[PDB]
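As a basis for the values below, the full set of heavy atoms in this structure was taken, side chains included, without hydrogen atoms, waters or symmetry mates. In what follows, every chain begins at residue 1, and chains take the letters A, B, ... in the order their sequences are listed.
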2 protein chains.
Amino acid sequence: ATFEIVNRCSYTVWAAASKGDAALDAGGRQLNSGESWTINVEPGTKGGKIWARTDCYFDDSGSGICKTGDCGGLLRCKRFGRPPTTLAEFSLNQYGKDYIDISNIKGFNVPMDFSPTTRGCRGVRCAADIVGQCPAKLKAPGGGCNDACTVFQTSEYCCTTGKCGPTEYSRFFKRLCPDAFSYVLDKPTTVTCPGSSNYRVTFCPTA
Amino acid sequence: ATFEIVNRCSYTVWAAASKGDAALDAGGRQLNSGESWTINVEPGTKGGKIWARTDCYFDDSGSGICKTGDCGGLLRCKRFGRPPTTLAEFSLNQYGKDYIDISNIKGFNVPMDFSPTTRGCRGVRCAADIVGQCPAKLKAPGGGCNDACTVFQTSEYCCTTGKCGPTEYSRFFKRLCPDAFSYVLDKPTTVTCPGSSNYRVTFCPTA
């Protein structure tokens, strides 16, 4: 499958793509305002994610740090990034269909639209000013709005027992971005698309 | 080598022992106030660490969450824990010697003494009330005092370029615990002991 990743933000972002135990395509790349990066994701991929990283510094060997979404200090991510990170998530070719979603489960750093570029289903987006309206206890110094599990580390926020309800914090994310997952057991906002669809992820979709 | 881990705190802690890519011995265990756990660490081990975890909830299968030092939600740690975590660190049988230290590089959660139980060298300790005196910007909600790299994610605090100096934050840790590492390039506080020594790690040494 093909994914086109577009940076429409006024600032540079460092895109990342991984499946958690391995990079997807090159795994990461610098994207100046307006640039696009096209990656290829193998069919059957399950559990892939794409996110942006902000304020990064990398050396010549692609080793460094980012204030949001850092994946172990590497430019080419092989693992998931440190919150807060708005997430585009997907599993492809699962019994004939593709499943996509946007998640605020790991917080939010950049607004994003995640849409198919082929026919068959609709896209989802979370483009509210979540960082500006972020509750003080969840604001991250480096930038971004963390989720409550990352900050408080409780079974309720983290849904560790498999049982948990929405929370004051959950509802904040859901009020601003209803189409994104706000906590582990939120009613699913996943989109079902035809198997082998293609997509585009755009950061800072409104402009 | 043998390590005896003793909880002298008035509260329960969940001890953890890992080398980062694998558990050391069982990797983790609940320690009530006063309990001791003896583990065996293979000679030649490099890069091992022991730390305490606070406020944990685990199910019957040893899966759960801790407010400080959580290692992926497992009782038996295979990887390192999430800061803040006071760290006992060691590399054994390295050209005939053992090297030990205590580090505040990943913050501090519980006071600790790390001493040999065999002859040949001295122990180190960090038992100041770092959490009570913690700078507001570094206090962690779940409990503990984070280090500045974890909070701010800058190249200076994280020493990402290999060049960095002490900081307002670094000096706070070093003022209260001079014998522990306060930042990446701190002047070493490592202790050199005879190869194959044995040790004891005590949490909440003063009582």
Side-chain angles (χ1 to χ4, degrees), chain A residues 72, chain B residues 1-9 13-31 35-53 68-72 74-127 147 159 162 173 177-205:
Chain B
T2 293
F3 279 70
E4 186 178 50
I5 305 160
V6 184
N7 184 16
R8 193 171 291 154
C9 306
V13 306
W14 286 258
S18 163
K19 70 207 233 286
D21 49 13
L24 285 184
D25 200 285
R29 221 205 73 175
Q30 177 171 324
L31 284 181
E35 293 182 329
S36 303
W37 173 34
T38 292
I39 68 178
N40 236 85
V41 173
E42 170 229 89
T45 293
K46 261 174 108 164
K49 298 186 201 293
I50 283 162
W51 61 109
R53 297 171 285 170
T68 63
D70 184 67
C71 58
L74 299 186
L75 163 64
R76 283 160 100 301
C77 294
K78 274 130 217 126
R79 280 180 165 288
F80 301 136
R82 177 180 197 260
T85 51
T86 316
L87 297 166
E89 300 185 305
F90 48 91
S91 293
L92 307 179
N93 306 287
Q94 302 295 306
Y95 298 97
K97 320 104 209 203
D98 280 3
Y99 293 102
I100 73 175
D101 71 70
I102 287 181
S103 176
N104 288 138
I105 290 173
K106 303 296 192 178
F108 171 104
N109 63 156
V110 169
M112 144 203 302
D113 172 277
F114 184 2
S115 299
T117 59
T118 49
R119 307 176 95 79
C121 46
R122 59 170 354 194
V124 299
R125 133 171 341 186
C126 172
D147 58 287
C159 215
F173 290 92
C177 283
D179 293 330
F181 276 89
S182 67
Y183 71 115
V184 185
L185 264 46
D186 206 347
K187 167 194 276 106
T189 49
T190 312
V191 178
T192 310
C193 287
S196 295
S197 283
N198 295 315
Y199 304 99
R200 175 180 293 119
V201 171
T202 317
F203 302 121
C204 311

S.K.: Could you walk me through whether B/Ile5 and B/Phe203 satisfy the side-chain contact (heavy atoms from CB on, under 4.5 Å) test, starting with their C-alpha distance in whole Å, then the side-chain angles of each, then the deciding distance to 0.1 Å, before giving a yes or no?
M.R.: CA-CA 8 Å; B/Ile5 305 160; B/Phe203 302 121; 3.4 Å; yes
S.K.: Would you say B/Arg82's side chain and B/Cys71's backbone share a donor-acceptor pair under 3.5 angstrom?
M.R.: no
S.K.: Is any side-chain heavy atom of B/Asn104 closer than 4.5 Å to one of B/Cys126?
M.R.: yes
S.K.: Over all heavy atoms of both residues, which pair between B/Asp147 and B/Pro83 is shortest? Give the atoms and the distance, please.
M.R.: OD1-CB, 4.3 Å
S.K.: Heavy atoms only: give me the nearest B/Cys159-B/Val184 pair and the separation to one decimal.
M.R.: CB-CB, 3.7 Å
S.K.: Would you say the side chain of B/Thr192 lies within less than 4.5 Å of the side chain of B/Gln94, judging by non-hydrogen atoms?
M.R.: no
S.K.: Kindly determine whether B/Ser196 and B/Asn93 satisfy side chain to side chain donor-acceptor pair (under 3.5 Å), including the steps that lead there.
M.R.: CA-CA 6 Å; B/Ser196 295; B/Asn93 306 287; 3.0 Å; yes
S.K.: In the structure I gave you, are the side-chain heavy atoms of B/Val191 and B/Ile100 within less than 4.5 Å of one another anywhere?
M.R.: yes
S.K.: Under 6.0 Å from the CZ atom of B/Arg79, do we count more than 12 heavy atoms belonging to anything else shown?
M.R.: no
S.K.: Check B/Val110 against B/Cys9 and note the closest heavy-atom contact, atom names and distance.
M.R.: CG1-SG, 3.9 Å
S.K.: Rounded to the nearest 0.5 Å, what separation is found between the OG atom of B/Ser18 and the CZ atom of B/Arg76?
M.R.: 12.0 Å
S.K.: Please report the interatomic distance CZ(B/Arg200) to OG1(B/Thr118), rounded to the nearest 0.5 Å.
M.R.: 11.0 Å
S.K.: Would you say the side chain of B/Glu4 lies within less than 4.5 Å of the side chain of B/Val6, judging by non-hydrogen atoms?
M.R.: yes
S.K.: Tell me whether B/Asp98 contacts the main-chain N or O of B/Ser197 through its side chain, where contact means a donor paired with an acceptor under 3.5 Å.
M.R.: yes
S.K.: Quick one: does B/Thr202's side chain have a donor or acceptor within less than 3.5 Å of a partner on B/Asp113's backbone?
M.R.: no
S.K.: What distance separates B/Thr85 OG1 from B/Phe108 CZ, expressed to the nearest 0.5 Å?
M.R.: 11.0 Å
S.K.: Any side-chain heavy-atom pair from B/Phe80 and B/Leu87 closer than 4.5 angstrom?
M.R.: no
S.K.: Indicate the atoms forming the closest heavy-atom contact of B/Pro194 with B/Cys121, along with that distance.
M.R.: CD-SG, 4.0 Å
S.K.: Do B/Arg53 and B/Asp70 have side-chain heavy atoms sitting under 4.5 Å apart?
M.R.: no
S.K.: Quick one: sort the B/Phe114 and B/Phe3 rings into parallel, tilted or perpendicular, breaks at 30° and 60°.
M.R.: tilted
S.K.: What's the separation between atom CZ in B/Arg8 and atom CG in B/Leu31, rounded to the nearest 0.5 Å?
M.R.: 13.0 Å
S.K.: For a side-chain contact (heavy atoms from CB on, under 4.5 Å) check, start with the C-alpha distance between B/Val124 and B/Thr189, then their side-chain angles and the critical distance, and finish with the verdict.
M.R.: CA-CA 9 Å; B/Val124 299; B/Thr189 49; over 6 Å; no
S.K.: Do the side chain of B/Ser91 and the main chain of B/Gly47 share a donor and acceptor less than 3.5 angstrom apart?
M.R.: yes
S.K.: For B/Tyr199 and B/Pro116, which heavy atoms make the closest approach, and how far apart are they?
M.R.: CD2-CA, 3.5 Å
S.K.: For B/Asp186 and B/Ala180, which heavy atoms make the closest approach, and how far apart are they?
M.R.: OD2-O, 4.0 Å
S.K.: Do B/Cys77 and B/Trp14 have side-chain heavy atoms sitting under 4.5 Å apart?
M.R.: no
S.K.: Judged by atom type as modelled, is there a donor-acceptor pair below 3.5 Å linking the side chain of B/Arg125 to the main-chain atoms of B/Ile102?
M.R.: no
S.K.: Side chains of B/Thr86 and B/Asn109 only: does a donor on one sit below 3.5 Å from an acceptor on the other?
M.R.: yes
S.K.: May I ask you to check whether over 12 heavy atoms, not counting those of B/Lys106, lie within 6.0 Å of atom NZ?
M.R.: no
S.K.: Hey, could you give me the NZ/OG1 distance between B/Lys97 and B/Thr190, rounded to the nearest 0.5 Å?
M.R.: 13.5 Å
S.K.: With a 3.5 Å distance limit and no angle check, can you tell me whether B/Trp37 reaches the backbone of B/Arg29 through a side-chain donor-acceptor pair?
M.R.: no
S.K.: Any chance you could lay out the side-chain contact (heavy atoms from CB on, under 4.5 Å) test for B/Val41 and B/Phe90, step after step, and finish with the verdict?
M.R.: CA-CA 11 Å; B/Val41 173; B/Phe90 48 91; 4.2 Å; yes
S.K.: side-chain contact (heavy atoms from CB on, under 4.5 Å) for B/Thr38 and B/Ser36? Distances and angles first, verdict last.
M.R.: CA-CA 7 Å; B/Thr38 292; B/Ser36 303; 5.6 Å; no
S.K.: Under 4.5 Å between any side-chain heavy atoms of B/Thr45 and B/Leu24, yes or no?
M.R.: yes
